[PDB]
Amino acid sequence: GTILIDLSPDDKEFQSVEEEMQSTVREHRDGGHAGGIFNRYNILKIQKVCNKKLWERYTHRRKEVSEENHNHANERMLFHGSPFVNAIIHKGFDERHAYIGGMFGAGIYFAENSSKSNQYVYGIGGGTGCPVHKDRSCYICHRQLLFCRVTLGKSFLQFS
């Protein structure tokens, strides 16, 4: 059910997504171990993910949350990195593959910092890096992130 629509670099929607990706890079306490050493990205492609059933699944849940929270879904746009992005875009996120070992227990994790999500593209802690060169700081291999609409509703605040 999923189709991918390529955005033109001249499209303001491409531009605003790229700005969010670029502007939320930061340095990491691992000195680049997991995600690589970089200050910016070369954006190769930005595709809209179009799937009517997955969208309706989202908006159904969003309305449920909103109704439980004074008509406030508390919707954010956040990054997600993992080796499973190609499954996610076809089948949706599935909490049965939740990050069992995350800081906040077994759920599905998102970041404001694109560079945080980048640390997970090749696996937890960057795994062994890119499949071709086994390099977590590979500058050659193409990487993929999702930029996702996320319903937070009433969020539990964990200082950490």
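All residue numbers are counted from 1 along the displayed sequence. So that the term is clear: the rigid core is the largest set of C-alpha atoms that superpose within 1.5 Å between two forms.
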Checklist line | Greatest C-alpha divergence in 9 other deposited structures of this protein once each structure is fitted on the rigid core, 62-70 or 91-99 | finding: 91-99
Checklist line | More variable segment, 31-39 or 100-108 [Cα RMS over structures in 9 other deposited structures of this protein, core-superposed] | finding: 100-108
Next item on the list: Name the higher of the two by mean Cα B-factor in the PDB entry, 128-136 versus 96-104.
Entry: 96-104
Item checked: Per the entry, higher mean C-alpha B factor between 46-54 and 109-117 -> 46-54
Note to self: Using the temperature factors of the C-alpha atoms in this entry, rank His142 within its chain: lowest, middle or highest third.
What the structure shows: highest
Next item on the list: Would you check the entry's CA temperature factor for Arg62 and let me know if it's in the chain's lowest, middle or highest third?
Entry: lowest
Next item on the list: Using the B-factors in the PDB entry, rank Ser155's C-alpha atom against the chain and give the third, lowest, middle or highest.
Entry: lowest
Next item on the list: Can you work out whether the C-alpha temperature factor of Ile89 puts it in the lowest, middle or highest third of the chain?
Entry: middle
